[PDB]
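Have a look below at one chain only, the form deposited in one PDB entry, in structure tokens format.
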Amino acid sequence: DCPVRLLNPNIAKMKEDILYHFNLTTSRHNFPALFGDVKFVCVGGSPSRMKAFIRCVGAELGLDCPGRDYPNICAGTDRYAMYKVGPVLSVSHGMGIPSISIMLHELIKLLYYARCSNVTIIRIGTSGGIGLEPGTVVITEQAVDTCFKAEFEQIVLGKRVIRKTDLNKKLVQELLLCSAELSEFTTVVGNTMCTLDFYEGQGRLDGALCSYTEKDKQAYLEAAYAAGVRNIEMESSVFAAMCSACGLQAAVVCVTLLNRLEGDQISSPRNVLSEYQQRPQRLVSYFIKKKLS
């Protein structure tokens, strides 16, 4: 029905291709054999979260592997980790726009080389909330920039280029339905601001550098809230800009680890934080199992 597509005429003309940061090559690896059956891709910053994710899905799907292991498909490199259980692939992306951008360029080409179709991609992550209790799960409506607009900007051969951000509306509704059925945590739908710096780029007072006042950053966070922003993270704008352009249905599901209107460091005890950290995995693995049921 809907094949993954690239927006690059040069790919067709290449004899072989190397997915440098995955250590996978079309000369050595049989892409349709390895990945042709992939229907769900889940991505997140931490390699150990992504392995925890695949194990969670394994057990949900009863495709479980009880007493046994999920090999890292990227063994041989440590730029990203990658795991697979049935039609589900789990991929780490590190932190920040450039780190996920590289992963996405290589992932989208793998999916294309695998002859994948009807792929859903969901980012699971963590975030700072604005005016939400800690632990709230946010399903992103729009991924927005530091002016609270639905855009991703980058420089390409010296020229400022802008792409619109786009997340599948129907997917947001499907995820919300799952969350209501689960009833295990508060879930809200709102806008997610994506920044390039975690400290000064998100109005923190605890960096090595801070050129502004508590009152300054508070006015900034309030202005974000008024424009519909509910959480803050570092990957969502390029993720939304790229995935739509390539024929993938995409969502972003992040848990808030603190309320930024009240401060900058996490004051949840360790057991409570571990619980928050598995909420996006819980929702998404539940959602996948539903789809495969």
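Residues that one form lacks are left out of the comparison. Rigid core: the largest C-alpha set superposing within 1.5 Å between the two forms. The first residue of the shown sequence is 1; numbering continues from there.
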(request) Give the stretch, out of 213-221 and 97-105, with the larger mean C-alpha temperature factor in the deposited entry. (result) 213-221
(request) Averaging only over Cα atoms, indicate whether 117-125 or 159-167 has the higher B-factor in the PDB entry. (result) 159-167
(request) Can you pull the Cα B-factors for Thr256, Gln265, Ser46, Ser237 from the entry and say which is highest? (result) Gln265
(request) Could you check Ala52, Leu63, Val252, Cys42 and tell me which one carries the biggest Cα B-factor in the deposited entry? (result) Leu63
(request) Would you please rank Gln173 by its C-alpha temperature factor against the other modelled residues of its chain and give the third it falls in: lowest, middle or highest? (result) middle
(request) Within this chain's modelled residues, let me know which third the CA B factor of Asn10 belongs to: lowest, middle or highest. (result) highest
(request) Taking the values exactly as deposited, rank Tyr199 by C-alpha B-factor within its chain and report the matching third: lowest, middle or highest. (result) lowest
(request) Would you mind ranking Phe148 by its C-alpha B-factor against the rest of the chain and naming the third, lowest, middle or highest? (result) highest
(message) Test of reading the entry: by CA B factor among the chain's modelled residues, which third contains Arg230?
(response) lowest
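The next section is about a form of this same protein that is not shown, the form deposited in another entry.
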(request) Please look at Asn72, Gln218, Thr77, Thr146 and say which one has a C-alpha shift reaching 2 Å or more between the shown form and the other one, core superposed. (result) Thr77
(request) Run through the residues found in both forms and list the stretches of 3 or more in a row whose CA moves by 2 Å or more between the shown form and the other one, fitted on the rigid core. (result) 66-68, 75-77, 207-209
